[PDB]
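Shown next as structure tokens: one chain only, the form deposited without ligand VZQ.
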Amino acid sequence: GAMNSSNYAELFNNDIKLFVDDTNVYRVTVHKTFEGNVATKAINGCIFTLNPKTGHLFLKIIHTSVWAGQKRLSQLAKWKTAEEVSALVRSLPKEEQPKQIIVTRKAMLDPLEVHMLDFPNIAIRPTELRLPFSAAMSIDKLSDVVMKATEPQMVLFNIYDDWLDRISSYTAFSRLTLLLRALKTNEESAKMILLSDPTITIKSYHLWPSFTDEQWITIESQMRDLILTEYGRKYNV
């Protein structure tokens, strides 16, 4: 069934599972044409496929050439996502194939289900959580690799850097989702909070700064304050 607040700890048991988020697969700029009509220009996108227990991220870059000469691209985007996810699963050894795939948007269920018919024992699940994975292109290194790509390309990251060396998956996922939630609601402020101090650097093989434990506590409090501030502003509360 659906994933919600109640069965939230299942993300961190030892059943292999992947989140799939398609929000950044088909990305466009909207502009005016010489004649004053509106047109879109696609830019590169990505499928964000993430093991929430281990941090392993499978970032499938979607090159604009995928769209060439195709109609109804927003619909096609869902099927391309499902195709790529299915191929990822086929590429993985049996003992690494997920037992579940949780799609962040219900519109991916039928596309993935159809693409996964060869894997009847992999369960395709929706979620009621309002996960902030669209904000993944707010992570500078992920955005840079997507925008520089010249061809379809799969790039592998650990989205938790080395945090699991010191904290649990549950805590790591909570940190990740707080950071991304903050980046979604107010990117400029979120990013200011993360880089303000130039003595805290990002390792070449990491996505986030090498905060100490105490500095992560200050950071997380700053991110929480940001999110609450923006809420009051949005709703005048």
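One-based numbering along the sequence shown. By rigid core we mean the largest C-alpha set that fits within 1.5 Å across both forms.
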query	finding
Between 175 to 183 and 29 to 37, the one whose CA atoms sit farther away in 9 other deposited structures of this protein (rigid core aligned)	29 to 37
Core-aligned Cα RMS comparison in 9 other deposited structures of this protein - stretch that moves more, 192 to 200 or 50 to 58	192 to 200
Between 210 to 218 and 12 to 20 (mean CA B-factor, as deposited), the higher	210 to 218
Which of 198 to 206 and 180 to 188 has higher mean CA B factor, as the PDB entry lists it	198 to 206
Top Cα B factor in the deposited entry, candidates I139, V155, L164, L112	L164
C-alpha B-factor winner, where the candidates are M116, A123, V145, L92	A123
Record-listed C-alpha B factor of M108: chain third	middle
Entry-reported Cα temperature factor of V25, expressed as the chain third it lands in	lowest
Ranked C-alpha temperature factor of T40 among modelled chain residues, by third	middle
Within-chain third of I62 by Cα B-factor, per the entry	highest
Where the record places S134 (Cα B-factor, split into thirds across the chain)	lowest
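One more form of this protein exists, namely the form solved in complex with ligand VZQ; it is left out here, but the text below deals with it.
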{"query": "Shown-form site status with respect to ligand VZQ as positioned in the bound PDB entry after superposition (2.4 Å backbone/C-beta criterion, 3+ atoms)", "finding": "blocked"}
{"query": "Of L109, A123, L129, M147, the one that lies within 4.5 Å of ligand VZQ in the bound PDB entry (heavy atoms)", "finding": "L129"}
